[PDB]
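First up is the structure itself, then whatever we jot down about it.
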Amino acid sequence: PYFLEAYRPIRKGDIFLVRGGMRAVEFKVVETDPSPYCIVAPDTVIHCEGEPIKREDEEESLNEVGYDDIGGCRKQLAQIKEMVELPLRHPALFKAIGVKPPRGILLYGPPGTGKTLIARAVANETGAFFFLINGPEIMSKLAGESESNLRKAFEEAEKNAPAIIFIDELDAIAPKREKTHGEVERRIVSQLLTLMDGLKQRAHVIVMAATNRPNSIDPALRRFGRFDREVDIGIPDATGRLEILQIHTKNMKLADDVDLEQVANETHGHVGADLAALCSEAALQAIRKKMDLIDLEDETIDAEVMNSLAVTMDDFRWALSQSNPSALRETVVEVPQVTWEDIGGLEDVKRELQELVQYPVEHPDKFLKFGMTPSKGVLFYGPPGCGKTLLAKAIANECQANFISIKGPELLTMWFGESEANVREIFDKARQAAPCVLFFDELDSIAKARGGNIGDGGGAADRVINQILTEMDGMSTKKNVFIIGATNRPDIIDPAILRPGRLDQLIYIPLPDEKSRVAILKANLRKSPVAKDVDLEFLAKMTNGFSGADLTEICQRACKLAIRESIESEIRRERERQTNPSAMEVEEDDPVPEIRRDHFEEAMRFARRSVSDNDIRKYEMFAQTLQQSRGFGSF
Amino acid sequence: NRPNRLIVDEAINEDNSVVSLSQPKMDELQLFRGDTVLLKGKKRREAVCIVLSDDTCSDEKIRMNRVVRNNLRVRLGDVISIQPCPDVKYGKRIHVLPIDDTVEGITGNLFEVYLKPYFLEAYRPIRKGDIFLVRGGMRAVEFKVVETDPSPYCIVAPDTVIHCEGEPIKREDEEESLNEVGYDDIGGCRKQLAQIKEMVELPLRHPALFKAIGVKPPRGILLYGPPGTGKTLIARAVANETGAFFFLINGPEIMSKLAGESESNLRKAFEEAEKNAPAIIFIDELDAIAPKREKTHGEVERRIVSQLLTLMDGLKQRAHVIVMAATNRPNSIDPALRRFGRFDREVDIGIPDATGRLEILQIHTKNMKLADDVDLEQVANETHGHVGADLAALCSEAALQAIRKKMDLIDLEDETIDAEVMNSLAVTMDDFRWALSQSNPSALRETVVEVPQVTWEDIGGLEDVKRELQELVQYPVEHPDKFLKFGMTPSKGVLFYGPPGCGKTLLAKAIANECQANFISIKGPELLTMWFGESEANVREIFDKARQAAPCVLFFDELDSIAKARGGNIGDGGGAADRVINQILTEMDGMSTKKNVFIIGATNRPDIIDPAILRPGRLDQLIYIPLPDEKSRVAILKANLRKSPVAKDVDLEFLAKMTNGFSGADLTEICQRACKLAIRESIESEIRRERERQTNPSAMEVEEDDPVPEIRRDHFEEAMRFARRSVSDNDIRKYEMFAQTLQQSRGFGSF
Ligand SMILES: Nc1ncnc2c1ncn2[C@@H]1O[C@H](COP(=O)(O)OP(=O)(O)OP(O)(O)=S)[C@@H](O)[C@H]1O
Ligand SMILES: Nc1ncnc2c1ncn2[C@@H]1O[C@H](COP(=O)(O)OP(=O)(O)OP(O)(O)=S)[C@@H](O)[C@H]1O
Ligand SMILES: Nc1ncnc2c1ncn2[C@@H]1O[C@H](COP(=O)(O)OP(=O)(O)O)[C@@H](O)[C@H]1O
Ligand SMILES: Nc1ncnc2c1ncn2[C@@H]1O[C@H](COP(=O)(O)OP(=O)(O)O)[C@@H](O)[C@H]1O
Ligand SMILES: [Mg+2]
Ligand SMILES: [Mg+2]
């Protein structure tokens with residue numbers, strides 16, 4: 001199947017790569033009659049006899065790692081190429097400039113995200129001499145044999161300039177100073193510091209290192225001249241996970257029903273090593289389904305027997321059901337997928353959010369010329385279930401920015417177990433991934449947990465909103481990090497937040513009106529196969545005083561009734577079929593393929609209003625007494 | 001090619017000379033349940049057996065004992081050709097010899113004890129070249145058929161004579177011993193043993209065939225569990241039953257050496273297991289070698305940990321080496337030993353259940369000779385909290401009591417021991433009773449993860465509740481495709497509420513039994529212990545136990561306990577979220593949808609609960625369980641009284657009819673008080689009859705009879721006088737008002 005419907009122009013002196021049969025194989029065009037090059041025709045004959053030969057001493061292998069084996073981290077790989085490719089490809093041309101290069105790069109991320117892979121791929125695809133230092137290999141030696149190996153490493157990478165030194169697991173060699181007990185460990189740390197200072201007198205040596213988090217490193221290794229540049233390699237997103245699954249299934253031969261996009265959409269919390277383990281485990285189940293024709297050919301393996309091996313979707317289903325990911329506890333920094341069309345109405349709110357978020361990014365020159373400091377925060381308020389998280393995700397999607405979400409229990413965990421460095425780590429994550437929208441859901445949670453209208457005593461500032469205020473005041477204006485908070489109880493919030501410079505804009509989001517609920521129901525029902533409705537506009541018209549969560553509840557109850565009836569029909573037909581064996585008319589049909597009006601007409605009987613009229617009266621009174629106006633024309 | 005080619009499966013029928021086949025294979029070969037077939041194996045050796053039938057057998061496999069399996073030079077997963085042999089020849093002379101390492105305590109006669117009930121009513125087809133195993137007399141012994149006159153094979157007849165004279169000989173250099181451990185010695189952990197076989201058997205039995213695939217194997221497995229659950233046993237059994245070279249590393253043996261002699265022994269271990277690929281390295285007690293980094297003080301311990309890390313990374317350049325390790329809990333290991341490429345797979349070997357404990361007691365009592373009244377099922381039902389080593393100690397301790405009851409005929413035969421004297425030794429049920437009364441188990445503090453035994457018939461009525469729980473729990477497991485097609489996210493939690501004693505724990509156990517899922521129960525004091533002694537990692541460890549044993553039902557009894565302990569309607573201040581329900585909320589939000597872990601809570605005070613739990617996505621379904629009605633109480637009383645021998649009732653329906661406003665606990669109280677009155681009267685009658693009997697000695701009419709064998713209506717008519725209502729009408733009024741104001745309806749037909 002390689003030359004068929006291909007017409008490949010080959011030439012004597014070419015090596016090509018054929019994948020398939022869970023194996024990649026390299027062939028070399030040894031002899032052709034139309035020398036040097038020819039297009040392969042059906043007239044051709046291919047004499048594939050002969051003995052396999054070895055490799056030429058200069059021909060590099062396609063088994064080793066290039067940029068193709070890396071998926072899901074295109075931006076960080078581009079950033080590392082921009083840092084490193086110019087002092088390696090042009091050493092002497094950069095020597096005559098007068099610009100200092102970087103001399104230490106610190107990769108960090110969770111375990112399994114492929115940092116050794118990125119280091120080796122940037123090594124091999126530039127021709128630089130790559131030396132590897134492994135942490136436990138040095139720390140497993142004797143007292144005086146560790147420093148000699150470090151000195152041999154740096155002195156050997158001197159002579160092959162340009163070179164790359166990759167120190168793997170820097171947490172093992174040089175941890176925090178309080179975690180070092182002894183004198184040998186401190187001599188190793190001081191030896192590494194001395195060599196990293198000695199790089200400045202050297203020429204064309206780049207030192208890379210890889211950790212698991214920044215805060216486990218001796219902070220003397222982070223100053224200027226020693227690992228000043230830091231790269232963050234986070235967990236992948238859905239496009240990234242699809243790219244990982246496409247990389248690891250190159251050689252394997254999938255069946256026809258296998259759709260990798262649904263598998264990539266299902267895996268949440270999986271780093272790349274988990275996806276490699278998932279692919280290998282599903283392939284082992286596909287082998288262990290048939291150990292009948294495999295075992296009888298024991299001595300040799302033919303490729304057609306493994307061509308009979310094809311992995312199905314049930315293999316990936318079982319591999320999803322068995323595997324447990326490792327990055328569930330980590331925070332998710334990614335672009336949302338909610339667009340404006342999932343939200344019904346609220347048009348002036350969309351206009352105001354586009355004025356606040358998007359105009360300082362697209363047109364900075366107008367704010368420079370007119371001389372205005374841009375605002376930095378927004379507080380939404382309103383009844384529960386009225387779509388505040390959806391507006392935050394939608395405005396993070398319109399500007400193509402990242403999105404970090406912080407719930408109420410993550411604030412109450414900081415409240416009960418008294419810990420406040422985590423608030424600083426949050427704003428660090430928000431600054432390393434700028435531009436982003438940082439969303440604080442339920443700011444009133446601590447002020448509600450401490451008391452009602454009357455707390456323990458004096459319901460002013462608490463411990464955690466205090467650190468939020470200090471970090472907002474310490475915020476740089478150039479980074480474009482935009483902070484949104486959300487409440488349901490606007491009257492018990494700390495008034496020091498609403499002072500100009502912290503969160504000055506207030507937006508009230510009301511219950512959705514008669515036109516919005518149609519766009520709510522169409523957005524909720526877009527996956528369930530509904531059919532043959534008479535008047536969905538009447539369904540939105542009869543419901544008055546209903547938030548979005550209530551309409552979602554109605555749709556979920558209708559789906560419940562549909563699934564129950566479609567299981568009862570299958571049970572009854574199977575019972576009546578098996579009661580009279582050898583059923584003469586086997587004519588298969590789906591009894592309930594779509595959801596009809598009977599299900600909605602039954603499920604509307606269980607509908608309820610979540611918000612009373614006293615609460616609506618309170619939000620209307622806060623909105624009235626918030627607004628004061630002069631209304632007088634000065635001219 | 002040929003339909004007689006078969007692969008070896010495990011043994012179920014515990015007879016030695018019995019193989020098994022499936023029904024369509026025997027109908028394809030046209031056999032019978034009394035035939036005699038022949039099996040060809042490796043090294044040009046065969047074995048004759050008796051074929052029977054089995055319905056649990058697979059398609060192209062055969063089930064046989066370890067004796068027949070070792071007599072063919074065959075391991076698990078090999079190939080065997082079967083052929084019929086109608087050559088039914090009766091034997092004439094059978095010359096057998098014992099083996100010296102299994103007779104080194106017994107002497108004198110062996111024909112009457114071991115062999116005389118062995119061939120009687122057996123008709124065993126034997127052959128020259130067979131070794132068979134006889135158990136009995138607290139000893140297992142191996143005999144070898146040395147000479148027969150109908151060569152090669154013959155069926156043993158009563159016409160035969162057996163010349164059991166001669167000297168015991170040694171073992172052939174290649175004949176493996178039946179003293180060593182196989183899969184038969186392991187009981188109670190069938191699922192974990194099957195999982196380890198699925199992980200390990202394919203990279204060992206087919207090394208080069210797996211080498212040419214392109215799939216990486218596992219390269220480190222971490223067994224963990226409480227002490228005494230048999231982890232070294234499982235490692236050694238998976239070692240010996242695959243033919244892999246097994247090297248043992250013991251933790252204190254390395255940590256007891258000098259400063260520079262430990263790393264050399266580790267290097268010798270890994271380098272020696274290189275040369276014998278495929279090999280298995282078992283590192284026992286990994287807590288001793290590589291503990292947590294804060295618990296290592298010194299430099300030698302950290303050099304040993306870094307040496308182990310370097311070798312485990314060096315396995316990736318090696319070929320066909322599997323490293324197993326065994327701990328007591330995961331959280332005592334340096335977390336660098338758990339990343340990818342170093343012990344990525346973890347197996348949990350928990351404490352056994354009742355079927356498991358029965359299987360342990362059947363394994364350890366193979367050689368011992370029990371009496372007639374000994375029922376191992378009641379002993380297995382009684383032992384709770386016992387790991388397998390406790391059960392082995394229980395069996396040995398009861399056998400020592402049975403020996404120390406009679407030290408009269410034992411002691412006088414001091415020089416030699418005859419087997420008939422130990423055949424007089426028989427263990428009774430009183431021995432196991434005393435051994436139960438003396439022993440103290442070690443796993444009482446551990447949590448119990450097991451399938452419940454309560455069915456739907458222990459619960460009276462509540463039919464729509466049963467229907468709703470089957471809709472919520474069971475339909476996303478049996479029919480995932482309907483939820484995929486209609487596009488619905490399944491719900492995840494349920495909150496029961498109602499009066500106390502109305503059967504919420506029974507419904508939770510019953511729905512865990514209907515779906516055949518595990519069940520983890522968490523009481524109110526286990527939440528208040530986390531409240532007073534401020535500790536919140538235990539909530540994360542609970543959900544870890546719930547995810548490692550999926551599918552399961554996780555039951556939080558008394559969610560209102562902390563909100564009741566902190567205050568009434570008015571707490572200390574602002575009765576919102578507390579510390580522990582907060583961690584429950586974060587762990588519920590961090591829950592994967594594919595695992596099918598189903599969470600149930602239960603309260604009695606629905607109005608003081610945290611309202612952040614009832615938000616969609618955490619616990620959205622609410623179910624009210626009322627006081628049982630007039631029809632339910634009959635099924636309550638029949639379920640309670642099913643063990644007590646009641647008799648001759650007139651109207652049990654009247655007994656359920658007169659009691660109005662009574663929960664299930666009150667009816668259970670009535671039944672227990674009736675049993676109290678019955679036991680008191682049946683002891684008073686025995687005391688009075690013994691006193692009147694002894695007052696007039698030499699009683700002429702000794703005619704034994706039970707005065708009160710059954711419970712009569714007088715006991716119930718007396719015990720009903722002490723009955724009381726536990727729930728007042730104000731509480732019922734409050735639950736009815738919460739149920740009314742919870743429900744709102746439109747009731748309008750849209751069409
Ligand atoms: N982004 C990725 N693209 C492709 N394969 C990946 C990726 N990330 C991980 N893998 C696979 O998973 C393996 C593990 O990668 P590693 O380099 O070991 O990750 P790691 O960061 O080194 O983990 P630690 O902390 O060193 S144990 C790689 O060898 C690949 O086979
Ligand atoms: N599941 C079991 N089946 C049969 N016998 C068992 C079982 N578990 C334990 N035993 C018996 O109890 C003994 C103790 O087993 P061990 O392998 O020592 O358990 P363990 O896990 O090694 O305990 P530690 O932590 O190493 S002290 C075994 O040698 C058996 O005699
Ligand atoms: N305006 C809206 N239009 C459509 N669906 C909505 C709207 N508001 C809420 N929803 C629905 O309710 C849920 C989102 O609620 P959300 O806005 O996050 O609530 P809250 O403001 O209380 O945090 C989703 O099921 C979403 O589809
Ligand atoms: N509906 C019932 N049917 C049968 N027995 C019941 C019923 N309700 C309670 N019981 C019995 O009374 C007790 C109820 O315990 P449990 O269900 O845990 O009570 P609660 O729900 O009040 O916590 C048990 O002894 C149980 O067997
Ligand atoms: Mg690495
Ligand atoms: Mg052990």
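In the structure tokens, each chain is lettered A, B, ... as it comes, each chain's residues begin at 1, and ligands are numbered from 1 in order of appearance.
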Return as a short mmCIF file (atom, residue, chain, number, x, y, z; two decimals) with N, CA, C and O atoms, in the first residue's frame every polymer residue, whether protein, DNA or RNA, with at least one atom no more than 9 Å from an atom of ligand 6; count only C-alpha atoms and all ligand atoms.
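Output file part-v4.cif is given in full below:
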```cif
data_model
loop_
_atom_site.label_atom_id
_atom_site.label_comp_id
_atom_site.auth_asym_id
_atom_site.auth_seq_id
_atom_site.Cartn_x
_atom_site.Cartn_y
_atom_site.Cartn_z
N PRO B 227 -0.48 -5.77 57.82
CA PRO B 227 0.45 -6.88 58.05
C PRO B 227 -0.27 -8.19 58.32
O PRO B 227 -1.20 -8.26 59.11
N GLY B 228 0.19 -9.23 57.63
CA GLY B 228 -0.37 -10.55 57.79
C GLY B 228 -1.30 -11.00 56.69
O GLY B 228 -1.83 -12.11 56.77
N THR B 229 -1.51 -10.19 55.66
CA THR B 229 -2.45 -10.52 54.60
C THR B 229 -1.85 -11.35 53.48
O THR B 229 -2.49 -11.52 52.45
N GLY B 230 -0.63 -11.85 53.65
CA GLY B 230 -0.07 -12.75 52.66
C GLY B 230 0.38 -12.07 51.38
O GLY B 230 -0.22 -12.29 50.33
N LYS B 231 1.43 -11.25 51.46
CA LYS B 231 1.96 -10.63 50.25
C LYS B 231 3.18 -11.38 49.75
O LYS B 231 3.37 -11.54 48.54
N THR B 232 4.02 -11.85 50.68
CA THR B 232 5.16 -12.70 50.32
C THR B 232 4.68 -14.01 49.71
O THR B 232 5.30 -14.54 48.78
N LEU B 233 3.55 -14.51 50.20
CA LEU B 233 2.92 -15.71 49.66
C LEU B 233 2.51 -15.53 48.21
O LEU B 233 2.78 -16.39 47.37
N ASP B 284 11.30 -6.97 49.84
CA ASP B 284 10.40 -7.13 50.96
C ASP B 284 10.67 -6.02 51.97
O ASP B 284 11.83 -5.70 52.25
N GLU B 285 9.58 -5.45 52.50
CA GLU B 285 9.62 -4.35 53.47
C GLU B 285 10.36 -3.14 52.91
O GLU B 285 11.47 -2.80 53.35
N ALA B 326 6.65 -4.68 48.47
CA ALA B 326 5.54 -4.87 49.40
C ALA B 326 5.70 -3.92 50.57
O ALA B 326 6.74 -3.92 51.23
N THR B 327 4.67 -3.12 50.83
CA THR B 327 4.70 -2.19 51.94
C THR B 327 3.55 -2.50 52.89
O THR B 327 2.86 -3.51 52.75
#
```
Collect all residues with atoms no farther than 7 Å from ligand 1, counting only C-alpha atoms and all ligand atoms, and output them as a PyMOL selection string. (chain A and resi 69-73+110-117+169+212+244+247+271-273+276) or (chain B and resi 339-340)
Residue subset to file, keeping N, CA, C and O atoms, as a tab-separated table (two decimals), in the first residue's frame:
```
chain	number	residue	atom	x	y	z
A	69	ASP	N	7.81	14.58	17.87
A	69	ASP	CA	7.34	13.71	18.95
A	69	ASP	C	6.74	14.52	20.09
A	69	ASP	O	6.18	13.94	21.03
A	70	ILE	N	6.85	15.84	20.04
A	70	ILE	CA	6.33	16.68	21.11
A	70	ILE	C	4.98	17.26	20.69
A	70	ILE	O	4.85	17.86	19.61
A	71	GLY	N	3.98	17.10	21.54
A	71	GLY	CA	2.67	17.66	21.26
A	71	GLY	C	2.11	18.39	22.46
A	71	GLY	O	2.44	18.09	23.61
A	72	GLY	N	1.27	19.38	22.17
A	72	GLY	CA	0.50	20.04	23.20
A	72	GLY	C	1.14	21.25	23.85
A	72	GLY	O	0.48	21.93	24.64
A	73	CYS	N	2.40	21.53	23.55
A	73	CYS	CA	3.12	22.65	24.15
A	73	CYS	C	3.87	23.42	23.06
A	73	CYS	O	5.08	23.61	23.11
A	110	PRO	N	4.42	19.63	36.36
A	110	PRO	CA	4.12	18.40	37.09
A	110	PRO	C	4.89	17.22	36.52
A	110	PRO	O	5.39	17.29	35.39
A	111	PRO	N	5.02	16.14	37.28
A	111	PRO	CA	5.75	14.97	36.76
A	111	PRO	C	5.00	14.28	35.64
A	111	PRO	O	3.80	14.00	35.74
A	112	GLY	N	5.72	13.99	34.57
A	112	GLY	CA	5.15	13.31	33.43
A	112	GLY	C	4.83	14.18	32.24
A	112	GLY	O	4.32	13.66	31.24
A	113	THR	N	5.11	15.48	32.30
A	113	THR	CA	4.75	16.39	31.23
A	113	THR	C	5.80	16.49	30.14
A	113	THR	O	5.69	17.37	29.28
A	114	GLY	N	6.81	15.63	30.14
A	114	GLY	CA	7.76	15.62	29.05
A	114	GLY	C	8.74	16.77	29.05
A	114	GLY	O	8.68	17.63	28.17
A	115	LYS	N	9.63	16.82	30.04
A	115	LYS	CA	10.65	17.86	30.06
A	115	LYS	C	11.97	17.33	29.52
A	115	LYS	O	12.69	18.05	28.81
A	116	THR	N	12.30	16.08	29.85
A	116	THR	CA	13.48	15.43	29.28
A	116	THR	C	13.34	15.27	27.77
A	116	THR	O	14.31	15.41	27.03
A	117	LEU	N	12.11	15.03	27.32
A	117	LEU	CA	11.80	14.94	25.90
A	117	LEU	C	12.09	16.25	25.18
A	117	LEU	O	12.72	16.26	24.11
A	169	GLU	N	16.40	16.48	37.48
A	169	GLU	CA	15.99	16.43	38.89
A	169	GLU	C	16.90	17.26	39.78
A	169	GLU	O	17.69	16.74	40.57
A	212	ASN	N	10.21	20.03	39.61
A	212	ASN	CA	8.79	19.74	39.69
A	212	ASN	C	7.96	20.92	40.18
A	212	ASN	O	6.76	20.98	39.91
A	244	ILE	N	-1.34	14.41	21.50
A	244	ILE	CA	-0.61	13.33	22.17
A	244	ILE	C	-1.10	11.97	21.68
A	244	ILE	O	-0.30	11.08	21.36
A	247	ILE	N	0.13	11.20	18.32
A	247	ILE	CA	1.56	10.86	18.28
A	247	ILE	C	1.78	9.42	18.72
A	247	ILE	O	2.54	8.68	18.10
A	271	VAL	N	-1.83	13.81	32.19
A	271	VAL	CA	-0.58	14.28	31.58
A	271	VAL	C	-0.19	13.29	30.49
A	271	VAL	O	-0.85	12.26	30.32
A	272	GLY	N	0.85	13.62	29.71
A	272	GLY	CA	1.18	12.84	28.52
A	272	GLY	C	1.60	11.41	28.81
A	272	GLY	O	1.36	10.51	27.99
A	273	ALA	N	2.21	11.17	29.97
A	273	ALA	CA	2.61	9.81	30.32
A	273	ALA	C	1.40	8.94	30.62
A	273	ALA	O	1.40	7.74	30.33
A	276	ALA	N	0.12	7.90	27.20
A	276	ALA	CA	0.93	6.82	26.65
A	276	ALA	C	0.60	5.49	27.33
A	276	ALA	O	0.51	4.45	26.66
B	339	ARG	N	6.78	7.67	40.78
B	339	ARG	CA	6.59	8.32	39.50
B	339	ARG	C	6.67	7.31	38.36
B	339	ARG	O	6.83	6.11	38.57
B	340	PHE	N	6.56	7.82	37.14
B	340	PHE	CA	6.47	6.95	35.98
B	340	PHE	C	7.82	6.33	35.67
B	340	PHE	O	8.83	7.03	35.55
```
Using only C-alpha atoms and all ligand atoms, tabulate the residues of chain B lying at most 10 Å from any atom of ligand 2, each with its closest atom pair and that distance in Å to one decimal, by chain and increasing residue number, as JSON lines.
```
{"residue": "B:181", "atom": "CA", "partner": "ligand 2", "partner_atom_place_in_ligand_line": "29 (O)", "distance": 9.8}
{"residue": "B:183", "atom": "CA", "partner": "ligand 2", "partner_atom_place_in_ligand_line": "3 (N)", "distance": 9.6}
{"residue": "B:184", "atom": "CA", "partner": "ligand 2", "partner_atom_place_in_ligand_line": "4 (C)", "distance": 8.8}
{"residue": "B:185", "atom": "CA", "partner": "ligand 2", "partner_atom_place_in_ligand_line": "4 (C)", "distance": 5.5}
{"residue": "B:186", "atom": "CA", "partner": "ligand 2", "partner_atom_place_in_ligand_line": "3 (N)", "distance": 4.1}
{"residue": "B:187", "atom": "CA", "partner": "ligand 2", "partner_atom_place_in_ligand_line": "3 (N)", "distance": 4.5}
{"residue": "B:188", "atom": "CA", "partner": "ligand 2", "partner_atom_place_in_ligand_line": "1 (N)", "distance": 5.8}
{"residue": "B:189", "atom": "CA", "partner": "ligand 2", "partner_atom_place_in_ligand_line": "1 (N)", "distance": 6.6}
{"residue": "B:190", "atom": "CA", "partner": "ligand 2", "partner_atom_place_in_ligand_line": "1 (N)", "distance": 9.5}
{"residue": "B:223", "atom": "CA", "partner": "ligand 2", "partner_atom_place_in_ligand_line": "21 (O)", "distance": 9.1}
{"residue": "B:224", "atom": "CA", "partner": "ligand 2", "partner_atom_place_in_ligand_line": "21 (O)", "distance": 8.2}
{"residue": "B:225", "atom": "CA", "partner": "ligand 2", "partner_atom_place_in_ligand_line": "21 (O)", "distance": 7.2}
{"residue": "B:226", "atom": "CA", "partner": "ligand 2", "partner_atom_place_in_ligand_line": "25 (O)", "distance": 6.7}
{"residue": "B:227", "atom": "CA", "partner": "ligand 2", "partner_atom_place_in_ligand_line": "25 (O)", "distance": 3.7}
{"residue": "B:228", "atom": "CA", "partner": "ligand 2", "partner_atom_place_in_ligand_line": "23 (O)", "distance": 3.7}
{"residue": "B:229", "atom": "CA", "partner": "ligand 2", "partner_atom_place_in_ligand_line": "8 (N)", "distance": 4.2}
{"residue": "B:230", "atom": "CA", "partner": "ligand 2", "partner_atom_place_in_ligand_line": "8 (N)", "distance": 3.5}
{"residue": "B:231", "atom": "CA", "partner": "ligand 2", "partner_atom_place_in_ligand_line": "21 (O)", "distance": 4.2}
{"residue": "B:232", "atom": "CA", "partner": "ligand 2", "partner_atom_place_in_ligand_line": "17 (O)", "distance": 3.9}
{"residue": "B:233", "atom": "CA", "partner": "ligand 2", "partner_atom_place_in_ligand_line": "17 (O)", "distance": 4.8}
{"residue": "B:234", "atom": "CA", "partner": "ligand 2", "partner_atom_place_in_ligand_line": "17 (O)", "distance": 7.6}
{"residue": "B:235", "atom": "CA", "partner": "ligand 2", "partner_atom_place_in_ligand_line": "17 (O)", "distance": 8.7}
{"residue": "B:236", "atom": "CA", "partner": "ligand 2", "partner_atom_place_in_ligand_line": "17 (O)", "distance": 9.1}
{"residue": "B:284", "atom": "CA", "partner": "ligand 2", "partner_atom_place_in_ligand_line": "26 (O)", "distance": 7.3}
{"residue": "B:285", "atom": "CA", "partner": "ligand 2", "partner_atom_place_in_ligand_line": "26 (O)", "distance": 6.9}
{"residue": "B:326", "atom": "CA", "partner": "ligand 2", "partner_atom_place_in_ligand_line": "21 (O)", "distance": 7.7}
{"residue": "B:327", "atom": "CA", "partner": "ligand 2", "partner_atom_place_in_ligand_line": "25 (O)", "distance": 7.2}
{"residue": "B:328", "atom": "CA", "partner": "ligand 2", "partner_atom_place_in_ligand_line": "25 (O)", "distance": 6.3}
{"residue": "B:349", "atom": "CA", "partner": "ligand 2", "partner_atom_place_in_ligand_line": "21 (O)", "distance": 9.0}
{"residue": "B:350", "atom": "CA", "partner": "ligand 2", "partner_atom_place_in_ligand_line": "1 (N)", "distance": 9.8}
{"residue": "B:351", "atom": "CA", "partner": "ligand 2", "partner_atom_place_in_ligand_line": "1 (N)", "distance": 8.9}
{"residue": "B:352", "atom": "CA", "partner": "ligand 2", "partner_atom_place_in_ligand_line": "1 (N)", "distance": 7.8}
{"residue": "B:356", "atom": "CA", "partner": "ligand 2", "partner_atom_place_in_ligand_line": "1 (N)", "distance": 8.1}
{"residue": "B:357", "atom": "CA", "partner": "ligand 2", "partner_atom_place_in_ligand_line": "1 (N)", "distance": 8.7}
{"residue": "B:359", "atom": "CA", "partner": "ligand 2", "partner_atom_place_in_ligand_line": "3 (N)", "distance": 8.0}
{"residue": "B:360", "atom": "CA", "partner": "ligand 2", "partner_atom_place_in_ligand_line": "3 (N)", "distance": 5.5}
{"residue": "B:361", "atom": "CA", "partner": "ligand 2", "partner_atom_place_in_ligand_line": "4 (C)", "distance": 8.5}
{"residue": "B:362", "atom": "CA", "partner": "ligand 2", "partner_atom_place_in_ligand_line": "4 (C)", "distance": 9.5}
{"residue": "B:363", "atom": "CA", "partner": "ligand 2", "partner_atom_place_in_ligand_line": "4 (C)", "distance": 6.7}
{"residue": "B:364", "atom": "CA", "partner": "ligand 2", "partner_atom_place_in_ligand_line": "5 (N)", "distance": 7.2}
{"residue": "B:387", "atom": "CA", "partner": "ligand 2", "partner_atom_place_in_ligand_line": "8 (N)", "distance": 6.7}
{"residue": "B:388", "atom": "CA", "partner": "ligand 2", "partner_atom_place_in_ligand_line": "8 (N)", "distance": 4.0}
{"residue": "B:389", "atom": "CA", "partner": "ligand 2", "partner_atom_place_in_ligand_line": "12 (O)", "distance": 3.7}
{"residue": "B:390", "atom": "CA", "partner": "ligand 2", "partner_atom_place_in_ligand_line": "12 (O)", "distance": 7.4}
{"residue": "B:391", "atom": "CA", "partner": "ligand 2", "partner_atom_place_in_ligand_line": "11 (C)", "distance": 7.8}
{"residue": "B:392", "atom": "CA", "partner": "ligand 2", "partner_atom_place_in_ligand_line": "11 (C)", "distance": 6.0}
{"residue": "B:393", "atom": "CA", "partner": "ligand 2", "partner_atom_place_in_ligand_line": "12 (O)", "distance": 8.3}
```
Which of segment 503-664 of chain B end up as helix (DSSP H, G or I) when DSSP is run on this backbone - answer as an NGL selection string? :B and (504-514 or 525-532 or 537-548 or 561-565 or 579-589 or 632-640 or 652-658 or 664)
Within 6 Å of chain A, which residues of chain B are there when counting only C-alpha atoms? Please give them as a list in words.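 Every residue of chain B that passes the 6 Å test is in residues 303, 306, 307, 310, 486, 487, 573, 574, 576, 744, 745, 746, 747 and 750 of chain B.
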In Å to one decimal, how far is atom CA of residue 324 of chain B from atom CA of residue 308 of chain B?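 Spanning atom CA of residue 308 of chain B to atom CA of residue 324 of chain B is a straight-line distance of 13.2 Å.
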